[PDB]
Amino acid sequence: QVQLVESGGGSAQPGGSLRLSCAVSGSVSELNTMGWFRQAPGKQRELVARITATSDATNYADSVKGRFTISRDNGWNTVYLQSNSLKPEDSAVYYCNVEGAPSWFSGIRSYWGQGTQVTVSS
C-alpha cells in the first residue's frame, strides 16, 4: 500500500508564495506518476502538476503554468509543489497523488492523501 502525507499551506496574500510537501510511504511493483490535484469548494478535481515516473517529464495545468513547480527528492520519497504568484482562484484543498501498481496482476492504482488547505485572499 502507499501512504501519502501532505504538509504546508494555510493562508497567503495575492502575489505571495507557499511550498507544499508530500511524504511518500510504502511500495509498488511500478511507479507510474507523482502529482498534485486540487478541489475548490463545491467544484471538481483539477490536476495541477504531474511528474511521469518513466520519463521524468513534468506537466502542468494551463492556469498554473509558469507559477507552480512540481519537484522531488532523489529517492522518490517526497514530492513538492512550489506555489508562486498566488491568485485568489488558487484557493483549494491540495491533494498529493501517486499512481502505481501494487503487483503485475492488479493494474495501476491511484493513491491520494487527506489534503492541505491553501487559501489566497487580500
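Numbers follow the displayed sequence, beginning with 1.
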> Of 88 to 96 and 51 to 59, which one has the bigger average CA B-factor?
Replying inline: 51 to 59
> Relative to the other modelled residues in the chain, which third contains the C-alpha temperature factor of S103: lowest, middle or highest?
Replying inline: highest
> Going by what the PDB entry lists, where does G66 fall on CA B-factor within its chain: lowest, middle or highest third?
Replying inline: highest
> Lowest, middle or highest third: where is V79 by C-alpha B factor in its chain?
Replying inline: middle
> What third of its chain's C-alpha B-factors does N32 belong to: lowest, middle or highest?
Replying inline: highest
> Which third, lowest, middle or highest, does the CA B-factor of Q3 fall in along this chain?
Replying inline: highest
